[PDB]
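Protein chains in written order, with the entry's author numbering: chain U, 2 to 77; chain M, 17 to 368. Virtual Cβ for every residue (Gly too), placed ideally from N, Cα, C. What follows is a single structure, written as structure tokens, with notes after it.
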Amino acid sequence: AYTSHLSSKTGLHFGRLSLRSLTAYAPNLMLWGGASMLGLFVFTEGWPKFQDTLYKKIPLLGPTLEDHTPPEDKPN
Amino acid sequence: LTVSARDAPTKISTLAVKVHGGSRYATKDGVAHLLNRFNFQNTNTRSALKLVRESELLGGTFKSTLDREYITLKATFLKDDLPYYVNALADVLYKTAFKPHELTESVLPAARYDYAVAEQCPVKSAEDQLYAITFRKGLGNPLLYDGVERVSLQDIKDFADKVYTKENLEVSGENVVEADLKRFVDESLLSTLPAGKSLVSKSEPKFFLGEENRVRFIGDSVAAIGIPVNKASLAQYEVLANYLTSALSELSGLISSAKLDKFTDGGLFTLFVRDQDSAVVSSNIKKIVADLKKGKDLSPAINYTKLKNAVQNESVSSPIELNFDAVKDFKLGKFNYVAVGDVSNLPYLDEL
């Protein structure tokens, strides 16, 4: 028939932030969290605790990080 | 409350509420312009932002135009949204807010822009000088507000409820069902408007002939002649206006433009000759008046101006229903004259 009005809604927002932009931006900042976690995996590679807990269980880059210096040629 | 419509099997409707509220009816100088620039500001029930951002989502736009006779409130929209737009225009006519912050932030800068853009064209200057020296206090009012006499906000409210009356408006709809438009203009706020007086006068507008005015201006120079026309000889001057600009006349390369503004009680025939140097404008306007003071046979241009009148009455639907067939000859009599620009080298009315 003939439209006399405009039935609308507002939804949810708190200023500049909506939920529609949160839906549009959610998977790419999941990817950003993954990217900076890989950056942490870079920047803590010389750390020994993160080596012996995380970086030496890689199936081909595991034995690359350790010494097997014998317990014979180091003073401590 | 004359409601008229005209159906079509198409997609775009166009409503228009036209009010006899132009410059000719203005109380102070530019009150019609300021009310026109005020038109689609906020109402008492809906903001001006809410109107724009709901009309965009419903698919249509609003406009309002000013000329000497009318204030036209046009709404171009998608065809089956008509009651929204009749209530929008009814709210604009009935209840507009008239806030002084709206006067000082939107309407006065918009009007200042309109005046500054029409000031640079010397043909608009010459046209209003021509109107003002032909008709003095009716149609010769200034068209746009330029602040020579100060218009308050109460002046705009007084002009608004003087001209926004139920007898002083027409409602005209292109591509509208007429029964539904008539049902939607009552059951609306166009039924609650005051049944005032109709401001149009069926008299003759008391013209003056032989007048002359000269205006200094930097840029292009314009020489303009103007002839007031009664209701009877209207179509002879329309044939003349279409003859002088068409290729039938040898004067079409000398005339910058030529038109006939028509009203319900006569009109004004204006002719402008414009360029950048005064010698060519002086030579051309002397040739125009020396050829028009001898006769011009206007009977070749009758079918041409029949076509031109059909074309320009497709856009408007203000029909004046002119004869065109009894038009045989023209000879120039008395005429008003305006020189805008380098007026120390433009000729006077003595030399024409």
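- Item | Check whether residue 64 of chain M and residue 54 of chain M have beta carbons under 8 Å apart | Residue mapping note: residue 64 of chain M aligns to position 48 of the second sequence, counting from 1. Residue mapping note: residue 54 of chain M aligns to position 38 of the second sequence, counting from 1. Contact: no.
- Residues bridged to residue 14 of chain U (per DSSP): Translated into positions along the first sequence, residue 14 of chain U becomes position 13. U:19, per the DSSP bridge assignment.
- Proximal residues, the region 68 to 99 of chain M versus chain U, C-beta separation under 7 Å: 70, 73, 74, 96, 97, 98, 99
- Check whether residue 23 of chain M and residue 191 of chain M have beta carbons under 8 Å apart: Residue 23 of chain M sits at position 7 when you count from the first residue of the second sequence. Residue 191 of chain M sits at position 175 when you count from the first residue of the second sequence. Yes, they are a contact pair.
- Query: List, in order along the chain, the chain M residues whose C-beta lies closer than 7 Å to that of residue 5 of chain U?
  - Reply: Taking the first sequence and counting its residues from 1, the one referred to as residue 5 of chain U is at position 4. Within 7 Å Cβ-Cβ: 99, 100.
- Message: Quick check: the Cα distance between residue 197 of chain M and residue 21 of chain M, rounded to an integer number of angstroms?
- Response: Counting from 1 along the second sequence, the entry for residue 197 of chain M is found at position 181. Counting from 1 along the second sequence, the entry for residue 21 of chain M is found at position 5. Looking at the two C-alpha atoms, the distance is approximately 7 Å.
- Can you tell me the Cα-Cα spacing of residue 220 of chain M and residue 282 of chain M, whole angstroms? Position 204 of the second sequence holds residue 220 of chain M. Position 266 of the second sequence holds residue 282 of chain M. Cα to Cα, the separation comes out at about 8 Å.
- Helix, strand or coil: which one does DSSP assign to residue 42 of chain U? By 1-based counting over the first sequence, the position of residue 42 of chain U is 41. Three-state result, residue 42 of chain U: helix.
- Query: Can you give, in chain order, each stretch of the alpha helix (DSSP H) that sits fully within the region 127 to 190 of chain M and has at least 4 residues?
  - Reply: 138 to 150, 169 to 179
- Query: Where does residue 14 of chain U land, buried or exposed, given buried means 16+ other C-beta within 10 angstroms?
  - Reply: Translated into the one-based positions of the first sequence, residue 14 of chain U becomes position 13. Answer is exposed; the Cβ neighbour count stays below 16.
- Query: Between residue 123 of chain M and residue 51 of chain M, what straight-line distance do the alpha-carbon atoms span, to the nearest angstrom?
  - Reply: Locating residue 123 of chain M in the second sequence gives position 107, counting from the first residue. Locating residue 51 of chain M in the second sequence gives position 35, counting from the first residue. If I take the Cα positions, the gap works out to 9 Å.
- Residue span of the beta strand (DSSP E) that contains residue 3 of chain U, given as start and end: The residue you call residue 3 of chain U lines up with position 2 of the first sequence. Premise fails: residue 3 of chain U is in no beta strand (DSSP E) and is neither H nor E.
- Item | Element boundaries [alpha helix (DSSP H), containing residue 100 of chain M] | Stepping through the second sequence from its first residue, residue 100 of chain M is reached at position 84. Per DSSP, residue 100 of chain M belongs to the alpha helix (DSSP H) from 98 to 110.
- Message: Considering only heavy atoms of the ligand MN, does any lie closer than 7 Å to the CB of residue 212 of chain M?
- Response: Annotation note on the ligand MN: not contained in the displayed structure, which lists no ligands.
- If we ignore side chains and look at the alpha-carbon of each, how far apart do residue 206 of chain M and residue 86 of chain M end up? Taking the first residue of the second sequence as position 1, residue 206 of chain M is located at position 190. Taking the first residue of the second sequence as position 1, residue 86 of chain M is located at position 70. If I take the Cα positions, the gap works out to 18 Å.
- Check whether the region 116 to 134 of chain M touches the region 93 to 108 of chain M, counting contact only when three or more Cβ pairs, one atom from each stretch, lie closer than 8 Å. no
- Item | Pairwise C-alpha distance: residue 77 of chain U and residue 65 of chain U | For the purposes of this step, residue 65 of chain U is identified with residue 64 of the first sequence, where counting begins at 1. For the purposes of this step, residue 77 of chain U is identified with residue 76 of the first sequence, where counting begins at 1. Taking the straight line joining both Cα atoms gives about 23 Å.
- Message: Give me, in chain order, the residues of the same chain whose beta-carbon lies closer than 6 Å to that of residue 90 of chain M; leave out the 5 immediate sequence neighbours on both sides.
- Response: On the second sequence, residue 90 of chain M is found 74 positions in, with the first residue counted as 1. Contacts found: 32, 79.
- Just how far apart, CA to CA, sit residue 199 of chain M and residue 2 of chain U? Mapped onto the second sequence, residue 199 of chain M falls at position 183. Mapped onto the first sequence, residue 2 of chain U falls at position 1. For residue 199 of chain M and residue 2 of chain U, the distance between alpha carbons rounds to 14 Å.
- To the nearest angstrom, how far is it from the Cα of residue 214 of chain M to the Cα of residue 34 of chain M? For the purposes of this step, residue 214 of chain M is taken as the residue at position 198 of the second sequence. For the purposes of this step, residue 34 of chain M is taken as the residue at position 18 of the second sequence. Approximately 13 Å between the Cα atoms of the pair.
- residue 36 of chain M, enclosing alpha helix (DSSP H) - first and last residue: Here residue 36 of chain M refers to the residue found at position 20 of the second sequence. Element bounds for residue 36 of chain M: not the alpha helix (DSSP H) but the beta strand (DSSP E), 28 to 36.
- Task: Given a cut-off of 8 Å, decide if residue 311 of chain M and residue 346 of chain M are closer than it, judged by their beta-carbon atoms.
- Result: Taking the first residue of the second sequence as position 1, residue 346 of chain M is located at position 330. Taking the first residue of the second sequence as position 1, residue 311 of chain M is located at position 295. Taking 8 Å as the Cβ cut-off, residue 346 of chain M and residue 311 of chain M qualify as a contacting pair.
- Identify whether residue 238 of chain M lies in helix, strand or coil by the three-state DSSP scheme. One-based indexing of the second sequence puts residue 238 of chain M at position 222. Strand at residue 238 of chain M.
- Task: Starting from the C-beta of residue 363 of chain M, find all residues in its chain whose C-beta is less than 6 Å away, skip the five residues before and the five after it, and write them out in chain order.
- Result: As a first step, residue 363 of chain M must be located in the second sequence, where it is residue number 347. If we look at residue 363 of chain M and ignore the five residues flanking it on each side, its Cβ neighbours are 298.
- Task: Rank M:263, M:259, M:349, M:280 by C-alpha distance to the C-alpha of residue 318 of chain M and give the top, closest one.
- Result: Working through the second sequence from its first residue, we reach residue 318 of chain M at position 302. Out of M:263, M:259, M:349, M:280, M:259 has the C-alpha closest to the C-alpha of residue 318 of chain M.
- Query: In the structure shown, what three-state DSSP assignment does residue 364 of chain M receive?
  - Reply: On the second sequence, position 348 is the one that residue 364 of chain M refers to. If DSSP states are grouped into helix, strand and coil, residue 364 of chain M belongs with coil.
- Query: Under the rule that 16 or more other beta-carbon atoms within 10 Å means buried, what is residue 242 of chain M, buried or exposed?
  - Reply: Start at 1 with the first residue of the second sequence, and residue 242 of chain M comes out as number 226. Buried, by the Cβ-count rule.
- Message: My parser needs the beta strand (DSSP E) runs of 3 or more residues fully inside the region 241 to 268 of chain M; what are they?
- Response: none
- For residue 358 of chain M, which residues of its own chain have a beta-carbon under 6 Å away from its beta-carbon, when the five flanking residues on both sides are left out? Locating residue 358 of chain M in the second sequence gives position 342, where the first residue counts as 1. Counting only Cβ-Cβ distances below 6 Å, and skipping sequence neighbours, we find 237, 294.
- Task: Assess, as a yes-or-no matter, whether the region 348 to 356 of chain M is touched by the region 222 to 241 of chain M under the definition of 3 or more beta carbon pairs within less than 8 Å.
- Result: yes
- In chain order, what residues of the same chain lie with their CB nearer than 7 Å to the CB of residue 233 of chain M, ignoring the 5 residues before and after it? Locating residue 233 of chain M in the second sequence gives position 217, counting from the first residue. Answer for residue 233 of chain M: 138, 141, 356, 357, listed in chain order.
- Short CB-CB distance (under 8 Å) between residue 31 of chain M and chain A: The displayed structure is made up of protein chains U and M, and chain A is not among them.
- Message: So the candidates are M:228, M:188, M:168, M:17; which of them puts its Cα closest to the Cα of residue 148 of chain M?
- Response: As a working note, residue 148 of chain M is residue 132 in the second sequence. Measuring from the Cα of residue 148 of chain M, the nearest candidate turns out to be M:228.
- Go to residue 56 of chain U, then tell me how far its alpha helix (DSSP H) extends in each direction, as first and last residue. Within the first sequence, residue 56 of chain U is the residue found at index 55, counting from 1. Premise fails: residue 56 of chain U is in no alpha helix (DSSP H) and is neither H nor E.
- Message: I need the DSSP call for residue 203 of chain M, collapsed to helix, strand or coil.
- Response: Working through the second sequence from its first residue, we reach residue 203 of chain M at position 187. It is coil, neither helix nor strand.
- Task: Count the other CB atoms, across all protein chains shown, that sit within 10 Å of the CB of residue 194 of chain M; report buried if there are 16 or more and exposed otherwise.
- Result: Residue 194 of chain M sits at position 178 when you count from the first residue of the second sequence. That one is exposed.
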